[PDB]
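Engineer: sequence and experimental coordinates follow.
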Amino acid sequence: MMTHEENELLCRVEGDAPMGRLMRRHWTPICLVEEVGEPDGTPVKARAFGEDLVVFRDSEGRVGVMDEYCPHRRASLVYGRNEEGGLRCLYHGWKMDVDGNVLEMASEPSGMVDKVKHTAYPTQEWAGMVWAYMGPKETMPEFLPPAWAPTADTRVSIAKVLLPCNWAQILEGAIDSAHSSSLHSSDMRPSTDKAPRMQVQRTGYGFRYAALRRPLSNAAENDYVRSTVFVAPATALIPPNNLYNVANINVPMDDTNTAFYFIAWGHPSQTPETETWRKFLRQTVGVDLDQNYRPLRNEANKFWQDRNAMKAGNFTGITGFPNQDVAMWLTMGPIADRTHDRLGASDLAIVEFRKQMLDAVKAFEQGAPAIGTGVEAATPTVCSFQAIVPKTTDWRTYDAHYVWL
Amino acid sequence: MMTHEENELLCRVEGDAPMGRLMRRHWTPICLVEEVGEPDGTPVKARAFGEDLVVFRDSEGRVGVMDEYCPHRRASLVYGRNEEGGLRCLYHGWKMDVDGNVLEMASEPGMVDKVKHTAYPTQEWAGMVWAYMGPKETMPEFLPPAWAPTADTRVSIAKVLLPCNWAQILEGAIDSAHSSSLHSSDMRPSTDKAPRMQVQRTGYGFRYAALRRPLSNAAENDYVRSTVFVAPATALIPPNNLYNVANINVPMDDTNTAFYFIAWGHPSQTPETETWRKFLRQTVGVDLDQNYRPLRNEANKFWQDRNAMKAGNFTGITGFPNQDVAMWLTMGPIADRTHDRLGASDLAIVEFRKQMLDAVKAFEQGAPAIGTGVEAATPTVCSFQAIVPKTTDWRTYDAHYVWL
Amino acid sequence: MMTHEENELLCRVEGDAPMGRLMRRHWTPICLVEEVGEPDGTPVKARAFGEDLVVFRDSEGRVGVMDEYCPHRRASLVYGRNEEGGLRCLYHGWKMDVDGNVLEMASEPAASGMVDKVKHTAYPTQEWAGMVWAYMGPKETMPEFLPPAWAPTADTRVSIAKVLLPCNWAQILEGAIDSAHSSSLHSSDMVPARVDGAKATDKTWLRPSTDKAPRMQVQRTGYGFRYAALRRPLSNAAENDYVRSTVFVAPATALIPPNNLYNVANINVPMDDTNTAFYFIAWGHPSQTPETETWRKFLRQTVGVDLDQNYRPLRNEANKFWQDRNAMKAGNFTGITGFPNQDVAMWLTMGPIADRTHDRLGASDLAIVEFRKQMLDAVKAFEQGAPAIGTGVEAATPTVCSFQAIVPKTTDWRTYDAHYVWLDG
Amino acid sequence: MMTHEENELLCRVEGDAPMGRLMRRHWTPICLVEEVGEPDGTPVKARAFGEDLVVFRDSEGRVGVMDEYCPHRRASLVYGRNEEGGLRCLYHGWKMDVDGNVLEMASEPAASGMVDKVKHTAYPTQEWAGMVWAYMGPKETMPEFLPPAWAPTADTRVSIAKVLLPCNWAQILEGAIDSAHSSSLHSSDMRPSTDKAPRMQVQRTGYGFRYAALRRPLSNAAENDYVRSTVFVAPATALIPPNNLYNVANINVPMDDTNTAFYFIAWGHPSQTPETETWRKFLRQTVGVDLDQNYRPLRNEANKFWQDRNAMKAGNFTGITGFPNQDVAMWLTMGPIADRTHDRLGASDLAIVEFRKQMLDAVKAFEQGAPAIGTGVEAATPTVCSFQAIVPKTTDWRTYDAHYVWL
Ligand SMILES: O=C(O)c1ccc(C(=O)O)cc1
Ligand code: FES
Ligand code: FES
Ligand code: FES
Ligand code: FES
Ligand SMILES: [Fe+2]
Ligand SMILES: [Fe+2]
Ligand SMILES: [Fe+2]
Ligand SMILES: [Fe+2]
């Protein structure tokens, strides 16, 4: 059981909310590189921890991420002119650089120019995404390759969808092996075991766990191990396939919205391209998603669930495996009332995720280094994996690296 | 630097909100005359200071302005039948006249005489239906507004129902700095984009100048553009060589506003309604919907053309008012002035800020609300623009409104 | 100078039109292998040479291509039930197989020989290079299915963009044998640089020249012709020529100059006199060639954004192919997006069948004039017993191929010994 | 086998076509009563045999049917003012009455004798079982209007579904007189049998032909057959084997060479026969869901008649909903005039062959001065009906004494 209290604590990220402050202790993806386009390109809107952000790429190709509302009278910078090494607001011609310095003010003589600085965040570009450090400046750590993007020879293919529900349930969905055998029946293996035994192993960055199913052959002394990795506060590394690995990173746009990024990543000639990935997942922009990466599926059209399809044997009658997830997640409401839950042994990873985060948030709201920073970070040596193993090797012992070649 | 409380005091108008009661002391435009139509024409729904209203023209051709909801069981009168000197509710057949007197009650037999429905005194003028919405015994006699001398003048109005609070919209009216950037590609013999700002308080608001350096002779000359603020939310805008310009805003509620943009002057030099609308791109059925709501909106980024912008045009948006609309709206439903960062160009905005708070505070504690009485403006108050010698004061400049 | 006759002859394929009969001597791409889907999958409608076709994959996973209309009372088969080794009509239960045998008639007392006497027009089908092919010539004129010049064998990635263009085939192909246009029409797409090839990243194809007026040369051959466009390069055009060799494989295949990583082809299949299946292909090594979806997004021939369910283009004359007039003021040359979409806007506005009578060609057009002579010759010879052009021992194969290079002026482009871009080659 | 010539003759009805002249000898449904509305009600466009038509009910409530273009300068009368006992053209105010008399010309000093001088093409009309009928053949060949075989008298409920179909009339009737199809196409809708292969018989009459479909009954198959009897009343009526509670009827009127108005009727005792709206919902031929304002269907070739491919994989045979639409799909996809020349028929089409032969003869006969099939002494009467029962093979089905389902 959790309390309406702890639900609030684990879930809210807007404003003062602890989990928010804690989260901003990490680098965050603000948006996709493909959105910001060429030098001097169209400014893009984005949103993290309930703060509206412009992202533009100035003429020097530097990417800037700032408070959307211009420092003068609070008009939007998204309508601005990106040229000549700066974003210039439409109303009264103030022009900020990616750093947030105001280079000019077409309407003003004195020296207000030097002495006004606009909320701008240090940015970093990696693995097809635009990252920003959204917590206190002199706490920003240097940028390390995240677990699912070792270095820049790796192919990283991103699906992005802006989902209208709180982040926590979207992740709870990722560390739940039981469900692929149920939701993803008709989509997703050497085993037909529907009830996996679950084992956890706490770590410095989050945790590891295993789904132990009875394999199709020699269920006698063999186990089929599928092992997911939760990297706090909002990453999951999903059990890989024959050829590439799969990761989920979720960025809370606010209390009830979350940017959801589902990644394929491996050796470039074993890994799908971006546009292939999305077609598979049915998150293709303009067929599946609007121009903002908002799903055309929703409660109204019952996520295009096809009832005939279902009677024909197709399990969910919803096409694209994440869309199937979406259907479930979003019907749990804005913020899922964990208060009303009725968990079983299958939700072991889930109960770890709540315990761990509730832990690392109160701790943090009290002066502990926030879970997963400093000496402790996960790196590209931690990774999910799936194999068949003897019942007599520990799965934690298994010496797996991320799939490649 | 303003407090949150002041912004709330300056800005709110629904219910008892002081700025509300203050405004209701002036005559207020409720809607356009075009909307009301012929005698016995279709009822119009309109909204002022967070109160819903019917407007209908009866058989005699009297226009009324009443509470939208029937005095029986609060059904919408907008659905009623406007005929034979009354508006009759569909439901039970009660029939009010423009004055709010209940003439009949189809479904009942001395009640018909002793029930009044809220109606306000009304006046047509300059193509608008005006009402008085303050206490009945405070109603002035209707004087011409400073932008409609008498109705041999041509008054061509664009209306747009903007979904944001009233004040930020006027704030944009009194801001001569903005057109030097925003209306970069629409707007004058100068390119001084940073003009010295001068102000002069009055009994009815303020006059103010914007002192640009002219294309030639900015040794002993200033190009001066002067703008007049009539409280509570009216602004006389520097005219051009042919006709003058005015903006009056009526708060619909705390987060919405009727925005009337007016060209005015002599009928042979002032453009016609539809020409105006087409110019400012505020045409019903292309730029706006049947209720004068803009089809442009944040969802569609006001139809900004990003290529147009790479091709020289500053804003990418078409129709100088919509480029205004973009800014006003993006600041949010009520602009949080708390978080502002004003400069020398915003001197005019500050004056309004400061004057109106004085006025509302003064009024709240029982002063006559600013603009009433002896203190009124009338047609001789006006904006102007000319090249003025540096050795003359502009407050001195003796200018009347463009005509012939 | 061409004549109303010669045009009609060159262009029409419906009916007993010879250019039709000639064409049917080749294997024809009927539709995309992706359209037919799974065994017992929904049946696809298609159209070649003025004939309606059902294509389906049976329960054994065989692909049949047949006449669309049911042998019985001519109802559409595309509505029928594909199951248990056949396609069955909804009306009277007749069930054909991939071959054209009516294996059942549910209405008809099977106590008579009605079922074995009825044969329904089908064609021998083949699957290859991501496409379903059929032989729509006379039955025992059918050659063993040879690897096409742009799909060597099956270790090769082949990414296809399909677009059903609503004009005649011949203008579309004329488009592919025309190096001059790319320097005018595809100004803002094939942007000149200090390179040697034309990489991209959905960035741009490059090209080491800015010469818009290339010297043209031709070489007739058994299967059609090759030609070269000779551009002065940016650097040392003294004794160097940037060669770009396009190959025409008759009747309607264009081998287009490769870039750095992969090769480019075009194959057009006339649906009828005034419409044309246009397939535009990237092909080469699996790890250097774009995946299907990636290709389409670059070309803006994505189904459900650029094209509709049936691979028909959403851009048309009405919407002026989405011509962004602003973009044109701001620099982008055509103001239309996805470079084959630029081609289309032209080909289309020349009308259902270009009236080649009123043309006014230059030395830019030398390659097109070459296609016009050849095809009119080969069709005339064919109408008089001559083995249809590019069949038998005379066919192209995977050793014919386009190429680009800077070559010294004192080598003959015909002499250059090139192979299709692979990984090293 | 049939010939391009004959097909033409069977099918075309516009202009001078012989099948046109023959058809114009019978009373014709022009459109539903439900359309012409109250007196002074909005004028209705309609189209029979390639002639455009205005229908309107005047102040007295008489229903006129006229040529659509105003007699003056040929503007549409469908835009006209229907009041004060006349339809008045909007242009120059010429006003006609149902009978095609011009009562005034609002811009002419009509005080003399070129206001009566002008009649306007207008046909005699009758209201009956939900339908405005007109006789559009030559004046003096009009037979006094006898009750058709599916509406015995106006104490019957007659529930109609109308559908404007974009193909020639003939393939739409062929569809009605073809029992072979109900046990294949309508397999998941449509009986004490599972037999799909039934021995047909045909008997010609003066009005058309009767025939019997014979299925072996699910039980006692040795000396009993389940008889389904359909009656073709020419030119394009079909009486279709009834059910337990009501009878069925198809009449098709050619709008022209490549379109038909398809009227499909439920009829019987008022308390055993569906209401209009029920029928339409059952057949999915409801105006405003399935059909547009003009009874034109929203399912078409472009949207594959809403064929649900999954539903089919699920085992519902056609994956099209409402059994008439299963039919439409087939008929249309054959194309505007089925080229009967590429037909390859079998035993199951025995009836359709009868239809072909009869009509081809009856029109060559008509063209050479014989009476038009099933007119005068020859006509069908409400004594003619479709029937189905289980009968011994030792009664002649032709002889069976069945009457129309009622109670
Ligand atoms: O038909 C086409 O789309 C096409 C033809 C030629 C070339 C070229 O030679 O670069 C490119 C594209
Ligand atoms: S508000 Fe952005 S410059 Fe004035
Ligand atoms: S509420 Fe309007 S009369 Fe009853
Ligand atoms: S037409 Fe296909 S079986 Fe009757
Ligand atoms: S055409 Fe009808 S009256 Fe002139
Ligand atoms: Fe999932
Ligand atoms: Fe403005
Ligand atoms: Fe091209
Ligand atoms: Fe049927």
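Structural biologist: Done, it's in. Residues are numbered from 1 along each chain as shown, chains lettered A, B, ... in the order given. Ligands and ions are numbered 1, 2, ... in the order given.
Engineer: the residue nearest to residue A:61 when sequence neighbours are not counted: how many residues sit nearby?
Structural biologist: The shortest distance from residue A:61 to any residue other than its chain neighbours is 4.9 Å, reached at residue A:39 (Cβ to Cβ, 6 or more residues apart in numbering or on different chains). For the C-beta atoms, the positions are set from N, CA and C on the backbone; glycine is no exception. Per other Cβ atoms under 10 Å in any protein chain shown, the neighbour tally for residue A:39 reads 15.
Engineer: look up how far ligand 3 lies from residue A:180.
Structural biologist: Note on residue A:180: its distance to ligand 3, by Cβ to the nearest ligand atom, to the nearest Å, is 59 Å.
Engineer: one more: residue A:30?
Structural biologist: Counting by Cβ to the nearest ligand atom, the gap from residue A:30 to ligand 3 is 54 Å.
Engineer: residues in contact with that residue?
Structural biologist: A:46, A:48, A:53, A:55, A:65, A:123, A:129, A:130, A:131, A:132, A:251 (Cβ atoms under 8 Å, 6 or more residues apart in numbering or on different chains).
Engineer: which SS class is it?
Structural biologist: strand (DSSP: H, G, I helix; E, B strand; the rest coil).
Engineer: residue A:265 versus that one, what's the distance?
Structural biologist: 19 Å (Cβ to Cβ, to the nearest Å).
Engineer: next: residue A:149.
Structural biologist: 6 Å.
Engineer: re the thing from before, would you convert the contacts of residue A:30 into a markdown table that also reports neighbour count, secondary structure and distance to residue A:359?
Structural biologist: Converted to a markdown table, the contacts of residue A:30 look like this (neighbours: other Cβ atoms under 10 Å in any protein chain shown; DSSP: H, G, I helix; E, B strand; the rest coil; distance: Cβ to Cβ, whole Å):
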| residue | neighbour count | secondary structure | distance to residue A:359 |
| --- | --- | --- | --- |
| A:46 | 24 | strand | 30 |
| A:48 | 24 | strand | 24 |
| A:53 | 25 | strand | 30 |
| A:55 | 26 | strand | 33 |
| A:65 | 28 | strand | 30 |
| A:123 | 20 | strand | 31 |
| A:129 | 25 | strand | 28 |
| A:130 | 25 | strand | 31 |
| A:131 | 23 | strand | 26 |
| A:132 | 24 | strand | 26 |
| A:251 | 26 | strand | 22 |
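Engineer: between these, which is nearest residue A:318?
Structural biologist: residue A:251 (24.3 Å; Cβ to Cβ).
Engineer: could you find the closest non-adjacent residue to that closest one?
Structural biologist: Per Cβ to Cβ, 6+ apart, closest to residue A:251 is residue A:259, 4.3 Å.
Engineer: wait, that neighbour sits on residue A:165?
Structural biologist: No. Checked against Cβ atoms under 8 Å, the pair residue A:259 and residue A:165 is beyond contact range at 11.7 Å.
Engineer: what is the burial count for whatever residue of the stretch 1-150 of chain A ends up closest to ligand 1?
Structural biologist: Residue of the stretch 1-150 of chain A nearest ligand 1, by Cβ to the nearest ligand atom: residue A:38 (23.1 Å). By the criterion of other Cβ under 10 Å, residue A:38 has 10 neighbours.
Engineer: now for it: which residues touch it?
Structural biologist: Neighbours of residue A:38 in contact, by Cβ under 8 Å, 6+ apart: residue A:57.
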